[PDB]
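Everything on this sheet refers to the single structure shown next.
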Amino acid sequence: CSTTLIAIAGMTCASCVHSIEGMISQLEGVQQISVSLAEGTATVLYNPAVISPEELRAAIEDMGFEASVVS
Amino acid sequence: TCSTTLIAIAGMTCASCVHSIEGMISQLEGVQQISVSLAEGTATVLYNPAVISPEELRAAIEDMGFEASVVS
Ligand SMILES: [Ca+2]
């Protein structure tokens, strides 16, 4: 319903991007996620009634990557 | 004598990569030791400067997929 761009630092293998996508995509309200390793971003399609970019960033950071919401 | 160089390494996020970097870089000719700090995002390398340069070490670390810069 909404889309957010999140900068994620230190994504340096495929396995981590899949972990990130796997974990984030399974959160309630998260419809879709695509990570770009080249950009260092995750684009997330989410339901703002349920989840926010700030909580997505927090979830990425609980996985151990520095993150910040871009837009 | 051997020289010491400090290399900042961006994007180390796991113990496994640390071990990989140390394992591969240590094998390079002229590299006595390398101590990677996951905490500080750096590597200290004790190396023979007649055999290998900091720029060569930086490049080798970058070939492993981490952005690296020689600091000191
Ligand atoms: Ca070590």
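Chain lettering (A, B, ...) mirrors the order of the structure tokens, residue numbering begins at 1 for each chain separately, and ligand numbering begins at 1 in order of display.
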
Out of region 2-68 of chain A, which residues get alpha helix (DSSP H) from DSSP, as an mmCIF file with N, CA, C and O atoms, in the first residue's frame?
```cif
data_model
loop_
_atom_site.group_PDB
_atom_site.id
_atom_site.type_symbol
_atom_site.label_atom_id
_atom_site.label_comp_id
_atom_site.auth_asym_id
_atom_site.auth_seq_id
_atom_site.Cartn_x
_atom_site.Cartn_y
_atom_site.Cartn_z
ATOM 1 N N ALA A 14 24.951 -12.742 -0.653
ATOM 2 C CA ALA A 14 23.629 -13.126 -1.090
ATOM 3 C C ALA A 14 22.828 -13.627 0.089
ATOM 4 O O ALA A 14 21.692 -13.231 0.284
ATOM 5 N N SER A 15 23.435 -14.512 0.861
ATOM 6 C CA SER A 15 22.804 -15.094 2.039
ATOM 7 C C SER A 15 22.174 -14.079 3.016
ATOM 8 O O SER A 15 21.087 -14.316 3.565
ATOM 9 N N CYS A 16 22.872 -12.970 3.234
ATOM 10 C CA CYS A 16 22.377 -11.891 4.092
ATOM 11 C C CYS A 16 21.197 -11.181 3.448
ATOM 12 O O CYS A 16 20.198 -10.922 4.122
ATOM 13 N N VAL A 17 21.285 -10.898 2.146
ATOM 14 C CA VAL A 17 20.152 -10.234 1.490
ATOM 15 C C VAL A 17 18.904 -11.128 1.605
ATOM 16 O O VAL A 17 17.828 -10.621 1.915
ATOM 17 N N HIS A 18 19.059 -12.439 1.389
ATOM 18 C CA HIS A 18 17.938 -13.381 1.520
ATOM 19 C C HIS A 18 17.400 -13.496 2.919
ATOM 20 O O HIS A 18 16.197 -13.618 3.092
ATOM 21 N N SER A 19 18.296 -13.486 3.906
ATOM 22 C CA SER A 19 17.885 -13.422 5.297
ATOM 23 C C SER A 19 17.062 -12.192 5.565
ATOM 24 O O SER A 19 16.002 -12.281 6.173
ATOM 25 N N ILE A 20 17.572 -11.049 5.128
ATOM 26 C CA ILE A 20 16.875 -9.774 5.292
ATOM 27 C C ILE A 20 15.506 -9.817 4.603
ATOM 28 O O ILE A 20 14.486 -9.455 5.204
ATOM 29 N N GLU A 21 15.483 -10.268 3.356
ATOM 30 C CA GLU A 21 14.230 -10.323 2.607
ATOM 31 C C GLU A 21 13.272 -11.309 3.257
ATOM 32 O O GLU A 21 12.088 -11.011 3.381
ATOM 33 N N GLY A 22 13.794 -12.458 3.681
ATOM 34 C CA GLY A 22 12.996 -13.500 4.330
ATOM 35 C C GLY A 22 12.346 -13.016 5.615
ATOM 36 O O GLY A 22 11.149 -13.171 5.825
ATOM 37 N N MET A 23 13.149 -12.405 6.467
ATOM 38 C CA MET A 23 12.687 -11.921 7.752
ATOM 39 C C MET A 23 11.716 -10.760 7.563
ATOM 40 O O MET A 23 10.638 -10.763 8.123
ATOM 41 N N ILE A 24 12.092 -9.779 6.759
ATOM 42 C CA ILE A 24 11.282 -8.591 6.599
ATOM 43 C C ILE A 24 9.965 -8.891 5.883
ATOM 44 O O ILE A 24 8.905 -8.400 6.314
ATOM 45 N N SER A 25 10.028 -9.704 4.825
ATOM 46 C CA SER A 25 8.830 -10.063 4.072
ATOM 47 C C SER A 25 7.779 -10.795 4.915
ATOM 48 O O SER A 25 6.614 -10.733 4.599
ATOM 49 N N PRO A 53 7.876 2.580 8.187
ATOM 50 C CA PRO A 53 9.302 2.504 7.785
ATOM 51 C C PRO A 53 10.281 2.449 8.970
ATOM 52 O O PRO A 53 11.292 1.749 8.913
ATOM 53 N N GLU A 54 9.952 3.164 10.038
ATOM 54 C CA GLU A 54 10.760 3.173 11.248
ATOM 55 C C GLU A 54 10.859 1.800 11.888
ATOM 56 O O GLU A 54 11.927 1.413 12.323
ATOM 57 N N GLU A 55 9.747 1.071 11.942
ATOM 58 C CA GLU A 55 9.756 -0.304 12.468
ATOM 59 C C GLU A 55 10.479 -1.284 11.537
ATOM 60 O O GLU A 55 11.126 -2.223 11.993
ATOM 61 N N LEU A 56 10.371 -1.070 10.232
ATOM 62 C CA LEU A 56 11.144 -1.871 9.276
ATOM 63 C C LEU A 56 12.636 -1.657 9.476
ATOM 64 O O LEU A 56 13.390 -2.615 9.551
ATOM 65 N N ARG A 57 13.046 -0.394 9.572
ATOM 66 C CA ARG A 57 14.423 -0.039 9.858
ATOM 67 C C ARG A 57 14.866 -0.717 11.171
ATOM 68 O O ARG A 57 15.943 -1.328 11.230
ATOM 69 N N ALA A 58 14.042 -0.626 12.213
ATOM 70 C CA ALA A 58 14.346 -1.286 13.502
ATOM 71 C C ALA A 58 14.509 -2.791 13.350
ATOM 72 O O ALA A 58 15.419 -3.389 13.945
ATOM 73 N N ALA A 59 13.646 -3.419 12.553
ATOM 74 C CA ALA A 59 13.776 -4.865 12.339
ATOM 75 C C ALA A 59 15.087 -5.208 11.615
ATOM 76 O O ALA A 59 15.752 -6.177 11.974
ATOM 77 N N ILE A 60 15.459 -4.410 10.613
ATOM 78 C CA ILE A 60 16.739 -4.591 9.892
ATOM 79 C C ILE A 60 17.913 -4.425 10.865
ATOM 80 O O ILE A 60 18.869 -5.200 10.856
ATOM 81 N N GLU A 61 17.818 -3.415 11.705
ATOM 82 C CA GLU A 61 18.819 -3.201 12.711
ATOM 83 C C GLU A 61 18.867 -4.287 13.781
ATOM 84 O O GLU A 61 19.951 -4.651 14.196
ATOM 85 N N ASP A 62 17.744 -4.870 14.181
ATOM 86 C CA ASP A 62 17.806 -6.063 15.043
ATOM 87 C C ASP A 62 18.521 -7.250 14.392
ATOM 88 O O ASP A 62 19.084 -8.054 15.095
#
```

>> Please identify all residues of chain B having at least one atom at most 8 Å from any atom of chain A, considering only C-alpha atoms, and return them as a VMD selection string.
In response: chain B and resid 10 to 13 65 to 66

Produce as a PDB file with N, CA and C atoms, in the first residue's frame the set of residues near ligand 1, where near means within 8 Å with only C-alpha atoms and all ligand atoms considered.
```
ATOM      1  N   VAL B  18      35.100 -12.200   8.780  1.00  0.00           N
ATOM      2  CA  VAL B  18      36.350 -11.831   9.457  1.00  0.00           C
ATOM      3  C   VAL B  18      37.395 -12.910   9.272  1.00  0.00           C
ATOM      4  N   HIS B  19      36.992 -14.129   9.604  1.00  0.00           N
ATOM      5  CA  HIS B  19      37.839 -15.282   9.463  1.00  0.00           C
ATOM      6  C   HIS B  19      38.274 -15.477   8.022  1.00  0.00           C
ATOM      7  N   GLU B  22      40.933 -12.707   7.162  1.00  0.00           N
ATOM      8  CA  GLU B  22      42.174 -13.080   7.809  1.00  0.00           C
ATOM      9  C   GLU B  22      42.816 -14.274   7.131  1.00  0.00           C
ATOM     10  N   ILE B  34      47.548 -10.611  10.280  1.00  0.00           N
ATOM     11  CA  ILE B  34      46.458  -9.676  10.096  1.00  0.00           C
ATOM     12  C   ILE B  34      45.477  -9.890  11.223  1.00  0.00           C
ATOM     13  N   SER B  35      45.126  -8.799  11.882  1.00  0.00           N
ATOM     14  CA  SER B  35      44.170  -8.809  12.947  1.00  0.00           C
ATOM     15  C   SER B  35      43.024  -7.873  12.514  1.00  0.00           C
ATOM     16  N   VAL B  36      41.888  -8.483  12.210  1.00  0.00           N
ATOM     17  CA  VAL B  36      40.663  -7.772  11.833  1.00  0.00           C
ATOM     18  C   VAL B  36      39.854  -7.514  13.111  1.00  0.00           C
ATOM     19  N   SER B  37      39.462  -6.263  13.298  1.00  0.00           N
ATOM     20  CA  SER B  37      38.507  -5.880  14.323  1.00  0.00           C
ATOM     21  C   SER B  37      37.146  -5.697  13.679  1.00  0.00           C
TER      22      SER B  37
END
```

> So which bits of chain B end up strand (DSSP E) when you DSSP the backbone, as a ChimeraX atom specification?
Replying inline: /B:3-10,31-37,42-47,67-70

Only N, CA and C atoms, please: the residues just picked out, written as a PDB file, in the first residue's frame.
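That gives us selection.pdb:
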```pdb
ATOM      1  N   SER B   3      56.451  -4.062   8.510  1.00  0.00           N
ATOM      2  CA  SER B   3      55.705  -2.836   8.682  1.00  0.00           C
ATOM      3  C   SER B   3      54.285  -3.168   9.095  1.00  0.00           C
ATOM      4  N   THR B   4      53.617  -2.159   9.640  1.00  0.00           N
ATOM      5  CA  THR B   4      52.246  -2.273  10.089  1.00  0.00           C
ATOM      6  C   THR B   4      51.395  -1.285   9.277  1.00  0.00           C
ATOM      7  N   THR B   5      50.247  -1.736   8.775  1.00  0.00           N
ATOM      8  CA  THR B   5      49.307  -0.856   8.070  1.00  0.00           C
ATOM      9  C   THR B   5      47.913  -1.061   8.661  1.00  0.00           C
ATOM     10  N   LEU B   6      47.135   0.009   8.711  1.00  0.00           N
ATOM     11  CA  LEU B   6      45.762  -0.030   9.159  1.00  0.00           C
ATOM     12  C   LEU B   6      44.882   0.219   7.953  1.00  0.00           C
ATOM     13  N   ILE B   7      43.923  -0.681   7.775  1.00  0.00           N
ATOM     14  CA  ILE B   7      43.025  -0.692   6.665  1.00  0.00           C
ATOM     15  C   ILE B   7      41.614  -0.684   7.239  1.00  0.00           C
ATOM     16  N   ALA B   8      40.842   0.327   6.869  1.00  0.00           N
ATOM     17  CA  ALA B   8      39.419   0.366   7.184  1.00  0.00           C
ATOM     18  C   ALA B   8      38.728  -0.544   6.202  1.00  0.00           C
ATOM     19  N   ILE B   9      37.814  -1.362   6.688  1.00  0.00           N
ATOM     20  CA  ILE B   9      37.070  -2.280   5.846  1.00  0.00           C
ATOM     21  C   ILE B   9      35.591  -2.037   6.097  1.00  0.00           C
ATOM     22  N   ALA B  10      34.859  -1.653   5.052  1.00  0.00           N
ATOM     23  CA  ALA B  10      33.425  -1.401   5.164  1.00  0.00           C
ATOM     24  C   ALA B  10      32.666  -2.687   4.937  1.00  0.00           C
ATOM     25  N   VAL B  31      52.885 -11.473   4.084  1.00  0.00           N
ATOM     26  CA  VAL B  31      51.961 -11.089   5.181  1.00  0.00           C
ATOM     27  C   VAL B  31      52.187 -11.960   6.413  1.00  0.00           C
ATOM     28  N   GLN B  32      52.729 -11.349   7.454  1.00  0.00           N
ATOM     29  CA  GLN B  32      53.055 -12.066   8.687  1.00  0.00           C
ATOM     30  C   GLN B  32      51.777 -12.360   9.426  1.00  0.00           C
ATOM     31  N   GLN B  33      51.023 -11.300   9.678  1.00  0.00           N
ATOM     32  CA  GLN B  33      49.804 -11.403  10.453  1.00  0.00           C
ATOM     33  C   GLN B  33      48.823 -10.314  10.051  1.00  0.00           C
ATOM     34  N   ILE B  34      47.548 -10.611  10.280  1.00  0.00           N
ATOM     35  CA  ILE B  34      46.458  -9.676  10.096  1.00  0.00           C
ATOM     36  C   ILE B  34      45.477  -9.890  11.223  1.00  0.00           C
ATOM     37  N   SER B  35      45.126  -8.799  11.882  1.00  0.00           N
ATOM     38  CA  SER B  35      44.170  -8.809  12.947  1.00  0.00           C
ATOM     39  C   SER B  35      43.024  -7.873  12.514  1.00  0.00           C
ATOM     40  N   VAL B  36      41.888  -8.483  12.210  1.00  0.00           N
ATOM     41  CA  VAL B  36      40.663  -7.772  11.833  1.00  0.00           C
ATOM     42  C   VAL B  36      39.854  -7.514  13.111  1.00  0.00           C
ATOM     43  N   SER B  37      39.462  -6.263  13.298  1.00  0.00           N
ATOM     44  CA  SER B  37      38.507  -5.880  14.323  1.00  0.00           C
ATOM     45  C   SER B  37      37.146  -5.697  13.679  1.00  0.00           C
ATOM     46  N   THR B  42      38.085  -2.435  11.081  1.00  0.00           N
ATOM     47  CA  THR B  42      39.457  -2.252  10.590  1.00  0.00           C
ATOM     48  C   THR B  42      40.250  -3.547  10.581  1.00  0.00           C
ATOM     49  N   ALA B  43      41.342  -3.531   9.828  1.00  0.00           N
ATOM     50  CA  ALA B  43      42.327  -4.586   9.860  1.00  0.00           C
ATOM     51  C   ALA B  43      43.699  -3.966  10.039  1.00  0.00           C
ATOM     52  N   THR B  44      44.487  -4.570  10.925  1.00  0.00           N
ATOM     53  CA  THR B  44      45.891  -4.250  11.091  1.00  0.00           C
ATOM     54  C   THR B  44      46.692  -5.396  10.496  1.00  0.00           C
ATOM     55  N   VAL B  45      47.643  -5.076   9.628  1.00  0.00           N
ATOM     56  CA  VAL B  45      48.385  -6.074   8.911  1.00  0.00           C
ATOM     57  C   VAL B  45      49.855  -5.845   9.130  1.00  0.00           C
ATOM     58  N   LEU B  46      50.533  -6.892   9.563  1.00  0.00           N
ATOM     59  CA  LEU B  46      51.968  -6.888   9.711  1.00  0.00           C
ATOM     60  C   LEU B  46      52.513  -7.597   8.485  1.00  0.00           C
ATOM     61  N   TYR B  47      53.302  -6.867   7.700  1.00  0.00           N
ATOM     62  CA  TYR B  47      53.669  -7.303   6.364  1.00  0.00           C
ATOM     63  C   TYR B  47      55.093  -6.864   6.014  1.00  0.00           C
ATOM     64  N   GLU B  67      34.695  -2.968   0.666  1.00  0.00           N
ATOM     65  CA  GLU B  67      35.310  -1.669   0.358  1.00  0.00           C
ATOM     66  C   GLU B  67      36.360  -1.418   1.441  1.00  0.00           C
ATOM     67  N   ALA B  68      37.573  -1.119   1.012  1.00  0.00           N
ATOM     68  CA  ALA B  68      38.698  -0.992   1.920  1.00  0.00           C
ATOM     69  C   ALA B  68      39.479   0.264   1.581  1.00  0.00           C
ATOM     70  N   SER B  69      40.067   0.880   2.594  1.00  0.00           N
ATOM     71  CA  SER B  69      40.954   2.013   2.386  1.00  0.00           C
ATOM     72  C   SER B  69      42.127   1.904   3.350  1.00  0.00           C
ATOM     73  N   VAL B  70      43.319   2.178   2.828  1.00  0.00           N
ATOM     74  CA  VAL B  70      44.512   2.272   3.645  1.00  0.00           C
ATOM     75  C   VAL B  70      44.405   3.594   4.420  1.00  0.00           C
TER      76      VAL B  70
END
```

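Take the candidates B:64, B:2, B:21, B:52 and check each one against residue 38 (chain B) using only C-alpha atoms; the shortest distance goes to B:21.
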
> For residue 28 (chain B), which of B:50, B:56, B:40, B:1 is the closest residue, counting only C-alpha atoms?
Replying inline: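 Counting only C-alpha atoms, the residue closest to residue 28 (chain B) is B:56.
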
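The space between CA of residue 25 (chain B) and CA of residue 41 (chain A) spans 28.8 Å.
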
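Taking CA of residue 63 (chain A) as the reference point, CA of residue 43 (chain A) is found at 16.7 Å.
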
> Between A:6, A:69, A:52, A:47, which one has atoms that come closest to residue 35 (chain A), using only C-alpha atoms?
Replying inline: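 Of the candidates, the smallest distance to residue 35 (chain A) is held by A:6.
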
> CA of residue 72 (chain B) and CA of residue 60 (chain B) are how many Å apart?
Replying inline: 17.0 Å
